[PDB]
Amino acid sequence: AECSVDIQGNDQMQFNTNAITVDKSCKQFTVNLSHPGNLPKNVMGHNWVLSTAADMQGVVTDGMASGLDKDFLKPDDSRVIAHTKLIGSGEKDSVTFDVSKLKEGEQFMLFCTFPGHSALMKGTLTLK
């Protein structure tokens, strides 16, 4: 099965899809994030961040406080299962993570931690 997905975040504060499935036979999984917008990362930067559903709010809140130069992630945040860097227009970044980091019977959310963006840039990552 495929173990990679291409995700885009645009100038309108949207991911192209808010639902990702990781097949259980994948040993690793890769997210290739790109930004087809024109806006720079300080105005409309995006990352792709994965946590449990219960941890998302805390990751987002703490990332807001840590600021742009930390890519809006609190340093040493063990709740983050995997993430890309924060990117602006025309940039790209990929993250590959081990599927063994996804507990069965845990529930996972994907989101961008640029402040405010998770109002729209949030969704589910399903292990099946």
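Residue numbers run from 1 along the displayed sequence.
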Next on the checklist: Which is higher on mean Cα B factor in this entry, 97-105 or 53-61?
Outcome noted: 97-105
Next on the checklist: By the CA temperature factor listed in this entry, which of these ranks top: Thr84, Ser89, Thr30, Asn42?
Outcome noted: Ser89
Item to check | Cα B factor band for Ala1 (lowest, middle or highest third within the chain) | outcome: highest
Checklist outcome for this item: Assert third(CA B-factor, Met121) within chain per record equals lowest
Item to check | Chain-wide C-alpha B factor ranking for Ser78, given as lowest, middle or highest third | outcome: highest
Next on the checklist: Split into thirds by Cα B-factor across the chain's modelled residues, where does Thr113 land: lowest, middle or highest?
Outcome noted: lowest
Item to check | Where the record places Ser25 (Cα B-factor, split into thirds across the chain) | outcome: highest
